[PDB]
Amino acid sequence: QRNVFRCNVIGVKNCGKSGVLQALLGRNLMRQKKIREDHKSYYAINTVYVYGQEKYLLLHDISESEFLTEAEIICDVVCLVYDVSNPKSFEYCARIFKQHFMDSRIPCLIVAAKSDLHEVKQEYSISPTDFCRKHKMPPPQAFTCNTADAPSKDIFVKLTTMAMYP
């Protein structure tokens, strides 16, 4: 029936959440810097085709906080973003997941953002891939909006599909 799926994008400050939203709007990192708006938008929506069917993904950029409200938790799919160049970024995703999403039926996708940069060891007891396995998530999906042309919309197809068939 419904073809608009809500996705909460979660991660530490400057882990690249805003970049993910802008990428859904077809803007790479270069154009994101050229753009100047009166106010930054923490929501973004765009068309996402799944199996030839027109769907829409509504992204909600959740700014970093030690605590999330039920308003920031309810969604069709959660996108946990960490920065491959920030060794402290994944711990936040893992903590938020266990605290708010582990005991729910909301599908979760982990995104390794800024994949264009050089990977560093994450300061967490578990590796990102092991964490996904333990909690029955897909593998961490590499992502970058730092491209010559429009960023790849692969993660958005994935997020939308996961939301469709929870």
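One-based numbering along the sequence shown.
Relative to one another, 116-124 and 44-52 have unequal mean CA B-factors, and 116-124 is the one with the higher figure. The deposited model assigns a higher average Cα B-factor to 34-42 than to the other stretch when 131-139 and 34-42 are compared. Comparing the C-alpha B-factors of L29, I62, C108, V111 in the entry, the top value falls on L29. In the deposited entry, the Cα temperature factor of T147 places it in the highest third of its chain's modelled residues. Residue-level temperature factors show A71 in the highest third of its chain, judged at the C-alpha atom.
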